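One file, target.csv, carrying CSV, C-alpha atoms and all ligand atoms:
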chain,number,residue,atom,x,y,z
I,14,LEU,CA,119.0,-9.3,103.1
I,15,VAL,CA,115.4,-8.4,104.0
I,16,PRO,CA,114.8,-4.9,105.5
I,17,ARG,CA,114.8,-4.5,109.2
I,18,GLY,CA,113.7,-1.6,111.3
I,19,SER,CA,110.6,-1.5,113.6
I,20,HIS,CA,109.8,0.0,116.9
I,21,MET,CA,109.3,-3.7,117.9
I,22,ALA,CA,112.5,-5.0,116.3
I,23,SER,CA,113.8,-8.4,117.5
I,24,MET,CA,117.5,-9.0,118.0
I,25,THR,CA,117.2,-12.3,116.0
I,26,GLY,CA,115.2,-10.9,113.1
I,27,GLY,CA,111.6,-9.9,112.7
I,28,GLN,CA,109.5,-8.3,115.4
I,29,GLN,CA,109.1,-9.1,119.1
I,30,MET,CA,105.5,-9.4,120.1
I,31,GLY,CA,104.3,-6.2,121.9
I,33,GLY,CA,99.5,-10.3,122.3
I,34,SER,CA,99.3,-11.6,118.8
I,35,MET,CA,100.1,-10.6,115.2
I,36,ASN,CA,97.2,-9.1,113.4
I,37,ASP,CA,96.0,-10.7,110.1
I,38,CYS,CA,97.6,-13.9,111.2
I,39,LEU,CA,95.4,-17.0,110.6
I,40,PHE,CA,97.5,-19.2,112.9
I,41,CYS,CA,97.3,-16.6,115.8
I,42,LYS,CA,93.5,-16.7,115.2
I,43,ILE,CA,93.6,-20.5,115.5
I,44,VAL,CA,95.7,-20.2,118.7
I,45,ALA,CA,93.2,-17.7,120.1
I,46,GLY,CA,90.4,-20.1,119.4
I,47,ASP,CA,88.7,-17.6,117.0
I,48,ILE,CA,89.0,-20.0,114.1
I,49,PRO,CA,88.6,-23.8,114.4
I,50,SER,CA,91.3,-26.3,113.6
I,51,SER,CA,91.6,-30.1,113.5
I,52,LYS,CA,93.6,-30.4,116.7
I,53,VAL,CA,95.9,-33.3,117.6
I,54,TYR,CA,98.0,-31.8,120.4
I,55,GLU,CA,98.1,-28.7,122.6
I,56,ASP,CA,100.1,-27.5,125.6
I,57,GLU,CA,101.2,-24.2,127.1
I,58,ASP,CA,103.7,-23.5,124.4
I,59,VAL,CA,102.6,-25.4,121.3
I,60,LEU,CA,99.5,-26.3,119.1
I,61,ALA,CA,99.4,-29.1,116.5
I,62,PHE,CA,96.5,-29.7,114.1
I,63,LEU,CA,96.0,-31.6,110.8
I,64,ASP,CA,96.9,-29.6,107.7
I,65,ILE,CA,93.6,-29.4,105.9
I,66,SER,CA,95.3,-30.0,102.5
I,67,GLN,CA,96.7,-33.4,103.7
I,68,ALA,CA,99.8,-33.6,101.5
I,69,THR,CA,99.8,-37.2,102.9
I,70,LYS,CA,97.5,-39.0,105.3
I,71,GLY,CA,98.1,-37.4,108.7
I,72,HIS,CA,100.0,-34.4,107.5
I,73,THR,CA,100.2,-32.1,110.6
I,74,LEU,CA,101.4,-28.7,111.4
I,75,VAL,CA,103.0,-27.9,114.8
I,76,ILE,CA,103.1,-24.3,115.7
I,77,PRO,CA,104.2,-22.2,118.6
I,78,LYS,CA,101.4,-20.3,120.5
I,79,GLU,CA,103.7,-17.4,120.6
I,80,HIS,CA,103.9,-15.8,117.1
I,81,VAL,CA,107.2,-15.7,115.3
I,82,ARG,CA,107.6,-15.5,111.6
I,83,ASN,CA,109.7,-18.7,110.9
I,84,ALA,CA,112.8,-20.4,112.3
I,85,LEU,CA,115.2,-17.9,110.6
I,86,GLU,CA,113.8,-15.4,113.1
I,87,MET,CA,113.7,-17.5,116.3
I,88,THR,CA,115.6,-17.3,119.5
I,89,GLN,CA,117.3,-20.5,120.7
I,90,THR,CA,114.6,-20.7,123.4
I,91,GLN,CA,111.8,-20.4,120.8
I,92,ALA,CA,113.3,-23.2,118.7
I,93,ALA,CA,114.1,-25.4,121.7
I,94,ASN,CA,110.5,-25.1,122.9
I,95,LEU,CA,108.8,-25.7,119.6
I,96,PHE,CA,110.8,-28.8,118.7
I,97,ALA,CA,111.0,-30.4,122.1
I,98,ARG,CA,107.4,-31.6,121.5
I,99,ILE,CA,107.9,-32.9,118.0
I,100,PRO,CA,109.3,-36.4,118.6
I,101,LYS,CA,106.3,-37.3,120.8
I,102,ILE,CA,103.8,-35.9,118.3
I,103,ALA,CA,105.6,-37.6,115.4
I,104,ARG,CA,105.6,-41.0,117.2
I,105,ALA,CA,101.8,-40.7,117.8
I,106,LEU,CA,101.2,-39.7,114.2
I,107,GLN,CA,103.2,-42.7,112.9
I,108,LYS,CA,101.4,-45.0,115.2
I,109,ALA,CA,97.9,-43.7,114.3
I,110,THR,CA,98.6,-43.8,110.5
I,111,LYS,CA,100.9,-46.9,110.5
I,112,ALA,CA,103.3,-44.7,108.5
I,113,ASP,CA,106.7,-46.2,107.3
I,114,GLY,CA,108.6,-43.0,107.6
I,115,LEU,CA,108.1,-39.3,108.3
I,116,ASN,CA,109.5,-36.0,107.0
I,117,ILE,CA,109.8,-33.0,109.4
I,118,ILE,CA,109.9,-29.7,107.4
I,119,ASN,CA,110.0,-26.0,108.2
I,120,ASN,CA,109.9,-23.6,105.3
I,121,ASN,CA,111.3,-20.1,105.6
I,122,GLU,CA,110.2,-17.3,103.3
I,123,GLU,CA,108.4,-17.4,100.0
I,124,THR,CA,111.2,-18.9,97.9
I,125,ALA,CA,111.2,-21.9,100.2
I,126,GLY,CA,107.4,-22.2,99.9
I,127,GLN,CA,106.3,-20.2,103.0
I,128,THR,CA,102.9,-18.5,102.6
I,129,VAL,CA,101.6,-18.2,106.1
I,130,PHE,CA,104.0,-16.1,108.2
I,131,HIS,CA,103.6,-17.8,111.6
I,132,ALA,CA,106.2,-20.5,112.1
I,133,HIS,CA,104.9,-24.0,111.4
I,134,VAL,CA,106.7,-27.3,111.3
I,135,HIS,CA,105.2,-29.9,108.9
I,136,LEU,CA,105.1,-33.6,110.0
I,137,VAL,CA,104.5,-35.5,106.8
I,138,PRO,CA,103.9,-39.3,107.3
I,139,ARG,CA,105.3,-41.3,104.5
I,140,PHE,CA,103.9,-44.7,103.2
I,141,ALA,CA,105.8,-47.2,101.1
I,143,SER,CA,102.6,-44.9,97.5
I,144,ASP,CA,102.8,-41.1,98.1
I,145,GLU,CA,102.6,-38.3,95.5
I,146,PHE,CA,104.5,-36.3,98.1
I,147,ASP,CA,108.2,-36.1,97.4
I,148,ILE,CA,111.4,-34.0,98.1
I,149,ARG,CA,113.7,-33.6,95.1
I,150,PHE,CA,117.2,-33.8,96.6
I,151,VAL,CA,119.5,-33.2,93.6
I,152,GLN,CA,123.2,-34.0,94.0
I,153,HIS,CA,126.4,-32.5,92.6
I,154,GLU,CA,130.0,-33.5,92.7
I,155,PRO,CA,132.0,-31.1,95.0
I,156,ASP,CA,134.9,-29.0,94.1
I,157,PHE,CA,136.7,-29.4,97.4
I,158,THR,CA,138.6,-26.2,97.2
I,159,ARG,CA,135.4,-24.1,96.6
I,160,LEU,CA,133.6,-26.2,99.2
I,161,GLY,CA,136.3,-25.5,101.8
I,162,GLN,CA,136.1,-21.7,101.0
I,163,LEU,CA,132.3,-21.8,101.3
I,164,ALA,CA,132.6,-23.5,104.8
I,165,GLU,CA,135.2,-20.8,105.8
I,166,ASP,CA,132.8,-18.0,104.7
I,167,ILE,CA,129.9,-19.5,106.7
I,168,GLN,CA,132.1,-20.0,109.8
I,169,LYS,CA,132.9,-16.3,109.5
I,170,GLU,CA,129.2,-15.4,109.8
I,171,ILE,CA,128.6,-17.6,112.8
I,172,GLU,CA,131.6,-16.0,114.7
S,14,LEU,CA,105.6,-50.8,113.5
S,15,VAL,CA,109.4,-51.5,113.4
S,16,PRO,CA,110.6,-54.3,115.8
S,17,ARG,CA,111.9,-53.3,119.2
S,18,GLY,CA,113.8,-55.3,121.7
S,19,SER,CA,117.5,-54.8,122.7
S,20,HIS,CA,119.5,-55.0,125.9
S,21,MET,CA,120.0,-51.2,125.2
S,22,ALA,CA,116.4,-50.4,124.4
S,23,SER,CA,115.4,-46.8,124.7
S,24,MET,CA,112.0,-45.7,126.1
S,25,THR,CA,111.4,-43.4,123.1
S,26,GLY,CA,112.4,-46.0,120.4
S,27,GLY,CA,115.7,-47.2,119.2
S,28,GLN,CA,118.7,-47.8,121.4
S,29,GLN,CA,120.2,-45.9,124.2
S,30,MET,CA,124.0,-45.4,123.8
S,31,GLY,CA,125.9,-47.8,126.1
S,33,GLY,CA,130.2,-44.1,123.4
S,34,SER,CA,129.3,-44.2,119.8
S,35,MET,CA,127.3,-46.4,117.3
S,36,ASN,CA,129.6,-48.7,115.3
S,37,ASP,CA,129.5,-48.5,111.4
S,38,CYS,CA,128.2,-44.9,111.8
S,39,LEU,CA,129.8,-42.4,109.4
S,40,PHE,CA,128.4,-39.4,111.4
S,41,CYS,CA,129.8,-40.8,114.7
S,42,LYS,CA,133.2,-41.2,112.9
S,43,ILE,CA,132.9,-37.6,111.9
S,44,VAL,CA,132.0,-36.5,115.4
S,45,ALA,CA,135.0,-38.5,116.7
S,46,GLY,CA,137.3,-36.6,114.3
S,47,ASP,CA,138.2,-40.0,112.6
S,48,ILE,CA,136.8,-38.8,109.2
S,49,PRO,CA,137.0,-35.2,108.0
S,50,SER,CA,134.0,-32.9,107.3
S,51,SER,CA,133.5,-29.4,105.9
S,52,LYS,CA,132.7,-27.9,109.3
S,53,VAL,CA,130.7,-24.7,109.7
S,54,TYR,CA,129.7,-24.9,113.4
S,55,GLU,CA,130.5,-27.0,116.5
S,56,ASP,CA,129.7,-26.9,120.2
S,57,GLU,CA,129.4,-29.3,123.1
S,58,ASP,CA,126.2,-30.9,121.8
S,59,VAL,CA,126.1,-30.3,118.0
S,60,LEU,CA,128.2,-30.4,114.8
S,61,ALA,CA,127.2,-28.8,111.5
S,62,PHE,CA,129.1,-29.3,108.2
S,63,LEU,CA,128.4,-28.8,104.5
S,64,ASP,CA,126.6,-31.7,102.8
S,65,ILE,CA,129.1,-32.7,100.2
S,66,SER,CA,126.4,-33.3,97.6
S,67,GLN,CA,125.3,-29.6,97.9
S,68,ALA,CA,121.6,-30.0,96.9
S,69,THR,CA,121.8,-26.2,96.8
S,70,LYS,CA,124.7,-23.8,97.6
S,71,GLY,CA,125.4,-24.0,101.3
S,72,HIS,CA,123.3,-27.1,101.9
S,73,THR,CA,124.4,-28.1,105.5
S,74,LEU,CA,123.6,-30.9,107.9
S,75,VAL,CA,123.3,-30.2,111.6
S,76,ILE,CA,123.8,-33.3,113.8
S,77,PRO,CA,123.9,-34.2,117.5
S,78,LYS,CA,127.2,-35.4,118.8
S,79,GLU,CA,125.3,-37.9,120.8
S,80,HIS,CA,124.1,-40.7,118.4
S,81,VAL,CA,120.4,-41.1,117.9
S,82,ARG,CA,118.7,-42.7,114.9
S,83,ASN,CA,116.4,-39.8,113.8
S,84,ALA,CA,113.7,-37.6,115.4
S,85,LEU,CA,111.2,-40.4,115.7
S,86,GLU,CA,113.4,-41.9,118.3
S,87,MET,CA,114.5,-38.8,120.2
S,88,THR,CA,113.7,-37.6,123.7
S,89,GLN,CA,112.4,-34.1,124.2
S,90,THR,CA,115.8,-33.2,125.6
S,91,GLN,CA,117.6,-34.5,122.5
S,92,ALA,CA,115.2,-32.6,120.2
S,93,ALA,CA,115.4,-29.4,122.2
S,94,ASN,CA,119.2,-29.5,122.2
S,95,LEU,CA,119.6,-30.2,118.5
S,96,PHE,CA,117.2,-27.6,117.3
S,97,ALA,CA,118.1,-24.8,119.7
S,98,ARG,CA,121.2,-24.1,117.6
S,99,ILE,CA,119.5,-24.2,114.3
S,100,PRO,CA,118.2,-20.6,114.0
S,101,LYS,CA,121.7,-19.1,114.6
S,102,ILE,CA,123.2,-21.5,112.0
S,103,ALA,CA,120.5,-20.8,109.5
S,104,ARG,CA,120.9,-17.0,109.8
S,105,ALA,CA,124.6,-17.3,109.2
S,106,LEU,CA,124.1,-19.6,106.2
S,107,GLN,CA,121.6,-17.2,104.7
S,108,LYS,CA,123.9,-14.3,105.3
S,109,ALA,CA,127.0,-16.1,103.8
S,110,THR,CA,125.1,-17.3,100.7
S,111,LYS,CA,122.7,-14.3,100.3
S,112,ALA,CA,119.9,-16.9,100.2
S,113,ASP,CA,116.2,-15.7,99.7
S,114,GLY,CA,114.7,-18.5,101.8
S,115,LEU,CA,115.6,-21.8,103.6
S,116,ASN,CA,114.2,-25.2,104.1
S,117,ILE,CA,114.8,-27.1,107.3
S,118,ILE,CA,114.3,-30.8,106.8
S,119,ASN,CA,114.6,-34.0,108.9
S,120,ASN,CA,114.0,-37.3,107.2
S,121,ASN,CA,113.0,-40.4,109.2
S,122,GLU,CA,113.5,-43.9,107.9
S,123,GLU,CA,114.0,-45.1,104.4
S,124,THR,CA,110.6,-44.2,102.9
S,125,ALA,CA,111.2,-40.6,103.8
S,126,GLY,CA,114.6,-40.7,102.2
S,127,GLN,CA,116.9,-41.5,105.3
S,128,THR,CA,120.0,-43.5,104.4
S,129,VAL,CA,122.4,-42.5,107.1
S,130,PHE,CA,121.0,-43.6,110.5
S,131,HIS,CA,122.3,-40.8,112.7
S,132,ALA,CA,119.9,-38.0,113.1
S,133,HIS,CA,120.7,-35.0,110.8
S,134,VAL,CA,118.8,-31.8,110.0
S,135,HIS,CA,119.2,-30.4,106.6
S,136,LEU,CA,119.5,-26.6,106.1
S,137,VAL,CA,118.8,-26.0,102.4
S,138,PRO,CA,119.3,-22.4,101.3
S,139,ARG,CA,116.9,-21.4,98.5
S,140,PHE,CA,117.6,-18.8,95.7
S,141,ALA,CA,114.9,-17.2,93.6
S,143,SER,CA,116.9,-20.8,90.3
S,144,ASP,CA,117.1,-24.1,92.2
S,145,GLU,CA,116.7,-27.6,90.9
S,146,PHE,CA,115.9,-28.5,94.5
S,147,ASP,CA,112.1,-28.7,95.3
S,148,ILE,CA,109.5,-30.1,97.7
S,149,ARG,CA,106.3,-31.4,96.0
S,150,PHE,CA,103.6,-30.5,98.4
S,151,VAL,CA,100.5,-31.9,96.8
S,152,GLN,CA,97.1,-30.8,98.0
S,153,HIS,CA,93.7,-32.5,98.4
S,154,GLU,CA,90.2,-31.4,99.4
S,155,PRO,CA,89.3,-32.6,102.9
S,156,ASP,CA,86.4,-34.7,103.8
S,157,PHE,CA,85.8,-33.0,107.1
S,158,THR,CA,84.1,-36.0,108.7
S,159,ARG,CA,87.0,-38.3,107.9
S,160,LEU,CA,89.5,-35.5,108.9
S,161,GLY,CA,87.8,-35.1,112.3
S,162,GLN,CA,88.0,-38.9,112.9
S,163,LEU,CA,91.7,-39.0,111.9
S,164,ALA,CA,92.5,-36.1,114.3
S,165,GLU,CA,90.6,-38.1,117.1
S,166,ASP,CA,92.6,-41.2,116.3
S,167,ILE,CA,95.9,-39.3,116.5
S,168,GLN,CA,94.9,-37.6,119.8
S,169,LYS,CA,94.2,-41.1,121.2
S,170,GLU,CA,97.8,-42.1,120.5
S,171,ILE,CA,99.3,-39.0,122.1
S,172,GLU,CA,97.2,-39.6,125.4
A,201,NA,NA,113.2,-12.8,116.4
A,202,NA,NA,105.2,-24.0,105.0
A,203,NA,NA,115.3,-43.0,121.9
A,204,NA,NA,118.2,-37.3,105.3
A,205,ZN,ZN,100.7,-15.6,114.2
A,206,ZN,ZN,126.2,-42.0,114.8
Would you mind writing the file's structure down as structure tokens?
Ligand code: NA
Ligand code: NA
Ligand code: NA
Ligand code: NA
Ligand SMILES: [Zn+2]
Ligand SMILES: [Zn+2]
Amino acid sequence: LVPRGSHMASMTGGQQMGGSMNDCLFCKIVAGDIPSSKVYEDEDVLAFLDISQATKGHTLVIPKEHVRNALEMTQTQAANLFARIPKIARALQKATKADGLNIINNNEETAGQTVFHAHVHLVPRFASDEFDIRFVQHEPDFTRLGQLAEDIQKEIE
Amino acid sequence: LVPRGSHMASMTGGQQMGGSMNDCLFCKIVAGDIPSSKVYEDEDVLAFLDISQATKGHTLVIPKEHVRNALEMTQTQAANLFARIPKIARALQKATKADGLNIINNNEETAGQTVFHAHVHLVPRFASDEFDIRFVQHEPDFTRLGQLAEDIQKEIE
């Protein structure tokens, strides 16, 4: 596991905020210091087009309150961030006439995270894209699978 | 857009539930009719290992209440489903000693959806995987990008 230990430690991982994180591009966008291509904003959340446009309409939805990623969120932070996502996604699909949509949150560098303020990608999909998720499949060993589930249950409890 | 029109139509897309959806494998799992490799359960949510194990510990988190996908959810449905996800993800990461994690929801067939009961994938990542997300990048035309954001804003409002 990743090291912990801060005068601002959070119970759920990461740091509590003791106004914004420094050297955080997304905090600077929230503060209005740096411009973004905005599509939605309310008291808790900001959504803007991802400038790299993995597909047409690719959007990031971020909390205004800084948190590193979902691995470090409280249930309240996660509930607040995602409550807005269906409404934004419906609008994105309508505007782009998309056939489908992927919702993606990446946590830490091995999962592709490079900006350390939580962001949820909304990636419209068009029956055409160079965008893709490689979901490989394996045949389960049910005995090992049962033991893995037991191990994970232990950690929740 | 996809056709609408049902005696059980939902305001947010899809159908309201008028006890469970028939011919739904995930509803049958929720009902306890079909077994699953469970890792977490509460009043609103069930999480179990995905039998295909895209990576070690790959888990699906589903609402007990049937809804097709996030495109058709209410804010309450989305808030309830994702509130539990950080806690489950932390446990999964601890149990597997994962270096990162992807959180993914796929909506409709072009985005990879094949089971039509909403499910959020938690995909542990290990610095090793054959699992991958292909996030292609493009250079923006800022004038077109600004018009696209305007169009999307129009649909939210
Ligand atoms: Na935290
Ligand atoms: Na990311
Ligand atoms: Na609905
Ligand atoms: Na899926
Ligand atoms: Zn930030
Ligand atoms: Zn169902």
Sorted per-residue table, chain S near chain I, closest atoms and distance, 6 Å, all atoms listed in the file, as a Markdown table:
| residue | atom | partner | partner_atom | distance |
| --- | --- | --- | --- | --- |
| S:53 | CA | I:168 | CA | 4.9 |
| S:66 | CA | I:152 | CA | 4.9 |
| S:68 | CA | I:151 | CA | 5.1 |
| S:84 | CA | I:100 | CA | 5.6 |
| S:85 | CA | I:100 | CA | 5.3 |
| S:87 | CA | I:100 | CA | 5.9 |
| S:89 | CA | I:97 | CA | 4.5 |
| S:92 | CA | I:97 | CA | 5.1 |
| S:93 | CA | I:93 | CA | 4.2 |
| S:96 | CA | I:93 | CA | 5.8 |
| S:97 | CA | I:89 | CA | 4.5 |
| S:100 | CA | I:85 | CA | 5.3 |
| S:104 | CA | I:85 | CA | 5.8 |
| S:105 | CA | I:170 | CA | 5.0 |
| S:106 | CA | I:167 | CA | 5.8 |
| S:109 | CA | I:167 | CA | 5.3 |
| S:114 | CA | I:122 | CA | 4.9 |
| S:115 | CA | I:121 | CA | 5.0 |
| S:116 | CA | I:120 | CA | 4.7 |
| S:117 | CA | I:119 | CA | 5.0 |
| S:118 | CA | I:118 | CA | 4.6 |
| S:119 | CA | I:117 | CA | 4.9 |
| S:120 | CA | I:116 | CA | 4.7 |
| S:121 | CA | I:115 | CA | 5.1 |
| S:122 | CA | I:114 | CA | 5.0 |
| S:124 | CA | I:114 | CA | 5.2 |
| S:125 | CA | I:114 | CA | 5.2 |
| S:139 | CA | I:125 | CA | 6.0 |
| S:141 | CA | I:124 | CA | 5.9 |
| S:146 | CA | I:149 | CA | 5.6 |
| S:147 | CA | I:149 | CA | 5.2 |
| S:148 | CA | I:148 | CA | 4.4 |
| S:149 | CA | I:147 | CA | 5.3 |
| S:150 | CA | I:68 | CA | 5.8 |
| S:151 | CA | I:68 | CA | 5.0 |
| S:152 | CA | I:66 | CA | 4.9 |
| S:153 | CA | I:66 | CA | 5.1 |
| S:164 | CA | I:53 | CA | 5.5 |
| S:167 | CA | I:109 | CA | 5.3 |
| S:168 | CA | I:53 | CA | 4.9 |
| S:170 | CA | I:105 | CA | 5.0 |
| S:171 | CA | I:105 | CA | 5.3 |
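Taking CA of residue 79 in chain I and CA of residue 49 in chain I as the two end points, the separation is 17.5 Å.
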*Please work out which residues fall within 10 Å of (123.9, -40.0, 107.1), coordinates as given in the file, with all atoms listed in the file counting, and return them as a list in words.*
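Residues found, by chain and rising number: residues 38, 39, 40, 41, 64, 74, 76, 82, 127, 128, 129, 130, 131, 132 and 133 of chain S.
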*Gap from CA of residue 18 in chain I to CA of residue 72 in chain S - Å, one decimal*: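 Between CA of residue 18 in chain I and CA of residue 72 in chain S the gap works out to 28.8 Å.
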*Expressed in Å to a single decimal, how great is the separation between CA of residue 42 in chain S and atom ZN of ligand ZN 206 (chain A)?*
7.3 Å
